[PDB]
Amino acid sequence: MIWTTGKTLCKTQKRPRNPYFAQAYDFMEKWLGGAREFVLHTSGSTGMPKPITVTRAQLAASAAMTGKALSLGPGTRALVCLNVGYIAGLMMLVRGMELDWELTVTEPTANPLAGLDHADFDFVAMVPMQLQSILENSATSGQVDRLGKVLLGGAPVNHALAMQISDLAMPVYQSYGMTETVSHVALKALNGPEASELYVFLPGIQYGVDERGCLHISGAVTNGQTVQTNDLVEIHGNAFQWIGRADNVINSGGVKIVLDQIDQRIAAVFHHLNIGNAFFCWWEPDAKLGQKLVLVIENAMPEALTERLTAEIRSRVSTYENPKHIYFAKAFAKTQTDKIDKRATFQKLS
């Protein structure tokens, strides 16, 4: 249930009979052969596999960053428990060959430690559910530290797993990246005294924001082309904090307000007053505040109910997060999918 390999070990090694492991061997043989580019696989928008081509230079640059940032030099004992049929797993092989690691390749499962005792590694990359599985399974929980140091991919860790990681005497990090950057371009520390919400940029990454305040990055991993995200961020020296999505966050008098969050708070007020009118929070330019939060409601309401509404809202939120005006529209504009066109609705109010 494991195939052991390496740069030099790959030179004499026979091709596995297990098809899964032969994927790895084939890729490695091709890497060593000198290929200038590679067709690997990722999941598309429908959750089905799709080919993507990446250059040798891209992969090599990405591997080098990881090695430097996490101090994983020659002799590193790495466990490969990500699907090598896909880019996440293949990157472990590239790092292994570029950085002279000993690679222990296992079949990707929910619990990478479950099948092998005498586990003893210096590095493993995995998804958060894999670490949670190891921690929950009392046959493997006691050996979680045998992972050495853990790099997590996938979605930011949930609260319960974050609390568990905080108590591990072992370095755990989480990646920020995308397929367009091959792999990660920044790393968050999830425990130890430097634990925080900041993603610290890997070396060789150039970074900045566009006019919306959204992160863009470029480097050898992007073939020097800048990649523009739609992630609203705040940069702090060589690191960033993720804030949200550009069109969903406003800045009113230096206070950041998330529109859908304020909407949920107002919704509880509507429900409580039995107001069936549709509504949405929005904003408008304001010289004093920058952006002024407002409230838009469909169909007029009686002055009495409007007064109740106004007062109840003001009692539930700070004056700084209270809509500064309530606009009433006869009918909300709708898209072709029957969704409120909020932007069009607002312009019409003029």
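Position 1 is the first residue in the sequence shown; the rest follow in order.
Would 72 to 80 or 272 to 280 have the larger average of its C-alpha temperature factors, as given in the entry?
Comparing 72 to 80 with 272 to 280, the higher mean C-alpha B-factor belongs to 272 to 280.
Residue stretch of maximal mean CA temperature factor, 44 to 52 vs 23 to 31:
Looking at the record's C-alpha B-factors, the answer is 23 to 31.
Select one of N230, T106, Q174, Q130: the residue whose C-alpha shows the highest B-factor in the crystal structure entry.
Of the options given, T106 has the highest CA B-factor in the PDB entry.
Would you mind checking which of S196, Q225, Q206, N158 has the top Cα temperature factor in the PDB entry?
Out of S196, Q225, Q206, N158, the record gives the largest C-alpha B-factor to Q225.
Relative to the other modelled residues of the same chain, rank the CA B-factor of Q264 and answer lowest, middle or highest third.
Within its chain, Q264 is a middle-third residue by C-alpha B-factor, going by the deposited values.
Should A304 be placed in the lowest, middle or highest third of its chain by the C-alpha B factor in the entry?
It belongs to the highest third of the chain when residues are ordered by C-alpha B-factor.
Which third of the chain holds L59 when residues are ordered by C-alpha B factor: lowest, middle or highest?
For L59, the deposited C-alpha B-factor lands in the middle third.
Third of the chain, ranked by Cα B-factor, where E298 sits:
For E298, whose C-alpha B-factor we compare with every modelled residue in the chain, the answer is the middle third.
Please place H184 in the lowest, middle or highest third of its chain according to the CA B-factor in the PDB entry.
Tercile = middle for this residue's CA B-factor.
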